[PDB]
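Here is the structure we will look at, set down as structure tokens.
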Amino acid sequence: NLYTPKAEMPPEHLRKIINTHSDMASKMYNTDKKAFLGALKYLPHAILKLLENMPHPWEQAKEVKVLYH
Amino acid sequence: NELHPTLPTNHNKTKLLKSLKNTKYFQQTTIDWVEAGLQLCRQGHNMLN
Amino acid sequence: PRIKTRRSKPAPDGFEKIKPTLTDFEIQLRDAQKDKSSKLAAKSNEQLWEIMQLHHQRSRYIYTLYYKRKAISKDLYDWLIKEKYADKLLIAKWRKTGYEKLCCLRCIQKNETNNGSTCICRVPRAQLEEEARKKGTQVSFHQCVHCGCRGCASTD
Amino acid sequence: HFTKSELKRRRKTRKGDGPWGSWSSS
RNA sequence: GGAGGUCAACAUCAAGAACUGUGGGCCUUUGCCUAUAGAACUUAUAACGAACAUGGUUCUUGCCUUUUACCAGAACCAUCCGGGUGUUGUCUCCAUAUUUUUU
Ligand SMILES: [Zn+2]
Ligand SMILES: [Zn+2]
Ligand SMILES: [Zn+2]
């Protein structure tokens, strides 16, 4: 069949997407703003999945596996 | 809690991230937890503003 | 474990010989994620194409050390995979038969596209060129969307 | 219908060692 | 072929203490009786989850200027965070003797 697992992206890809959407004043980002309004149905789920991997007192820092738009 | 069980639904059950994964629009990586927390704070500020 | 914490292990032997060149890719990635503001859309795609190129080149470096010329120890190469200097899955695709010059892993994923097929960089050049010569127009594919790949076929 | 030497002959004309090298002329 | 995946799809998970298949007979398929093969997971101080939240409607109350927002008991129903087991696919790493026994 045709299933192939999801590609592991570089994390600098997410960092540049985050940094580029710091200030969004163009005719471009007319779609991305509507996506930002659309994600607010999904913000309790993102807060839950962040907060239930709070690291623990015996750990310094842990790497989580995130899924972004 | 023990007096009233709320008894989960064992059929169809569409989950969220398992169906947000099948799109081409979401992608996947691993980052530090504190970076993910800071990115969520930036995103959640930007949405409400 | 890309950050260096207490849980990490110290490095094996040959790493201090190849520490500087990898360092180059590190500082070059810290030019790419740096938020240069661009108004256009194509010029904002050029940045992500540069990032995916740098990730590809670092993985080609560790691959061409361990597999082709056998210049580093297996005990070091497992450490470089553990500490995320390399992409294990992209190297796993490089070890196959049809895929050696592969750009990135979104250009062979069939599920992402509209209709089945992979990205157009996976096509050989001569097949696209004979179809474009048959229709007589020209070959109009300059640079891919996902990677910026310009013909990542195995023969090309 | 191409030969294995001709593929390398066309490929050495290509700029920019990896896949990100152009088939264009500049 | 072997191990593994914080990979996917599809079945299945609360009921005469309770499952499916097969052969024969009776009724005329359903059903009843009789002989047989298999049953993973969950369950008896009862349930997938030694964990435990919220929403709707109707009653009964409590704060009492009215509605949201509420107080806390009941009945009926839903949503959500999760779990098992089975079949197929896919991905990765390696591999090609002297009394009953018989002297
Ligand atoms: Zn490519
Ligand atoms: Zn690509
Ligand atoms: Zn491509």
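Residue numbers (the authors' numbering), protein chains in the order written: chain A, 126 to 194; chain B, 532 to 580; chain C, 2 to 157; chain D, 50 to 75. Just so you know, even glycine gets a beta-carbon here, dropped at the ideal spot from N, CA and C.
How many angstroms separate the CA atom of residue i from the CA atom of residue j?
i                      : j                      : result
residue 535 of chain B : residue 572 of chain B : 37 Å
residue 17 of chain C  : residue 24 of chain C  : 11 Å
residue 193 of chain A : residue 70 of chain C  : 38 Å
residue 183 of chain A : residue 565 of chain B : 16 Å
residue 32 of chain C  : residue 53 of chain C  : 13 Å
residue 50 of chain D  : residue 61 of chain D  : 19 Å
residue 57 of chain D  : residue 169 of chain A : 56 Å
residue 75 of chain C  : residue 84 of chain C  : 14 Å
residue 19 of chain C  : residue 127 of chain A : 39 Å
residue 131 of chain A : residue 563 of chain B : 20 Å
residue 95 of chain C  : residue 80 of chain C  : 19 Å
What would DSSP say about residue i, mapped onto helix, strand or coil?
i                      : result
residue 54 of chain C  : helix
residue 35 of chain C  : coil
residue 67 of chain C  : helix
residue 78 of chain C  : helix
residue 193 of chain A : strand
residue 24 of chain C  : helix
residue 177 of chain A : coil
residue 109 of chain C : coil
residue 133 of chain A : strand
residue 48 of chain C  : helix
residue 143 of chain A : helix
residue 19 of chain C  : helix
residue 156 of chain A : helix
residue 562 of chain B : strand
residue 188 of chain A : strand
residue 557 of chain B : coil
residue 131 of chain C : helix
Verify the contact flag: residue i, CB atom, against every heavy atom of ligand 3, threshold strictly below 7 Å.
i                      : result
residue 542 of chain B : no
residue 147 of chain C : yes
Kindly examine ligand 2 and report whether one of its heavy atoms sits closer than 7 Å to the Cβ of residue i.
i                      : result
residue 572 of chain B : no
residue 107 of chain C : yes
Just confirm the distance between the C-beta atoms of residue i and residue j, as a whole number of angstroms; I'd bet it's less than 8 Å.
i                      : j                      : result
residue 57 of chain C  : residue 104 of chain C : 6 Å
residue 71 of chain D  : residue 61 of chain C  : Their Cβ separation, rounded to whole angstroms, is 19 Å, which puts residue 71 of chain D and residue 61 of chain C out of contact at 8 Å.
residue 137 of chain A : residue 34 of chain C  : 5 Å
residue 191 of chain A : residue 554 of chain B : Not really, about 15 Å apart at Cβ, beyond 8 Å.
residue 126 of chain C : residue 154 of chain C : 7 Å
residue 120 of chain C : residue 147 of chain C : 6 Å
residue 153 of chain A : residue 42 of chain C  : 5 Å
residue 559 of chain B : residue 133 of chain A : 6 Å
Should residue i be listed as close to ligand 1, given that the test is whether its C-beta is under 7 Å from any heavy atom?
i                     : result
residue 68 of chain D : yes
Quick one: is the Cβ of residue i within less than 7 Å of any heavy atom of ligand 5?
i                     : result
residue 17 of chain C : No copy of ligand 5 occurs in the structure displayed; its ligands are ligand 1, ligand 2 and ligand 3 alone.
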